[PDB]
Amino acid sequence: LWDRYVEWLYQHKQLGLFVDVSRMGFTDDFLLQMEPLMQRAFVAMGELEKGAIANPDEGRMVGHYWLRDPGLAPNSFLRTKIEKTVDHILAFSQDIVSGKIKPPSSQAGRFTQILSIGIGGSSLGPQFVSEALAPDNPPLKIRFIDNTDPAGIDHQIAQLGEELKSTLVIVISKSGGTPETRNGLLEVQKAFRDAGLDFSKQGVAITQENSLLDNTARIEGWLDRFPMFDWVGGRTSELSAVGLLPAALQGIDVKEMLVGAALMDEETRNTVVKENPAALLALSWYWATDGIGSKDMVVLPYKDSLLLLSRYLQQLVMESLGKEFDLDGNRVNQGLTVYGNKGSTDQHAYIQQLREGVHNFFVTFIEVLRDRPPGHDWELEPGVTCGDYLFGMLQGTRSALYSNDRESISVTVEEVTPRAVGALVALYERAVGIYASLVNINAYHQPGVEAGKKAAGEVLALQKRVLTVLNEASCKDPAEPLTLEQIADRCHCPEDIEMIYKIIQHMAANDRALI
């Protein structure tokens, strides 16, 4: 196992990032069998960066690698557009932090809080970087609205209290038609009117050009607007204005994030697989799951700051790879389940099943060598610090798992830095893209979310027919009570009886119907 660890250890000189796959049991012939498919993945990825249509389903380019390397963008209108947005974010961020741009009237004078409204990649990304890289007492605290739950938004407004007068609200949506994001903005604007505050003088929009949210922010005259591009999927939009602006608004060096991702993309373009860390991750995923997602990917970061990494990877991996149809139309239910929280906390949670329970998984440890800010280290016992225990739990768990034939990958960074986090985002973005080529699927469209989108619209459409059929009882002289079968036939939706029951069950609990 020592000879295997030395033969396969990947080390990156500059970033201080390491990839260990020795605890993956891939065989000799498996490497030769996967060599032709890996070459096809590198050529397909090479034409993706050149500007080819790598998302045939939506007819769009896939250029989230240009966000960190503007030169690789194909035309001049794109290289300068990407560069002017980074400078635009840096200029506007430093104006908010230094207090040059103020709210109209607040106690602190400057902005001190951030209310980012967004869902999917518009929040999972920014939540991950914020918890990973923000200072303890940052220039601006941050809160998130990532749902359409009324109680959650009310709770955020109540805790915000009187600092709403110093809150900079950020609305992140490509079109402004996302039901959750629009609901959030509508609820917050209602709260700004109840406090007698002009939302426009405290609002920022991150949106695609000439969209419903861009027009609203332009017409209502919000503070600023930041562009989103259609070749940047929300799944891989962390290094765009989606993540760069909120991160820079908390004193985070986002330029170093772009640099770390840039150095990472150079290593992933290597055609020798053993020296390609994105290929090594994709190989191990392929080996552990037999290429059909037979096992789950358990992400175990042994750092409190990386707690939100796994649910960030839940979108990047499961939504990119959970495709029903192969690129040639054949029914192939691909995917790669991801879960996990944090070490060593998860050892007192579900490692009982991981070690001796059902073997339906493989682990990916994320290790961070530096333990604490410099000048805070001290020994708890002779020769051992508080951080040495954290190091020991990971190594003992890695050892206790492999001893029972449970495989694992180890990814190691020296310190959780803007540069390293940007490298980790770039690493998994390419590894997902390479893996989709191995299983022959399009990683950049989202066909599976459409079915829930229509079924949810039909429920809201059914609710209005229920109210329409009911207001007969409210306003017709043959005032009478309708049975469930009677609401259904008059709605001309008889087979929807069950949904009608759940609809009136919800309205009765919110003082909108009587039973």
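One rule holds for the numbers: they count along the sequence shown, beginning at 1.
Annotation for 411-419 versus 77-85: the higher mean temperature factor (C-alpha) is found in 77-85. Relative to one another, 442-450 and 25-33 have unequal mean CA B-factors, and 25-33 is the one with the higher figure. The entry assigns its greatest Cα B factor, within the set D326, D154, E356, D296, to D326. Of the candidates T236, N210, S122, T385, it is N210 whose Cα B-factor is highest according to the PDB record.
Ranked within its chain, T289 lands in the middle third, by CA B factor from the PDB record.
For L164, the recorded CA B-factor ranks within the highest third of the chain. Only modelled residues enter the ranking. Annotation for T397: CA B-factor lies in the lowest third of the chain's modelled residues. Compared with the other modelled residues of the chain, the Cα B-factor recorded for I252 ranks in the lowest third.
Per the deposited record, the Cα B-factor of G71 falls in the highest third when ranked against the other modelled residues of its chain.
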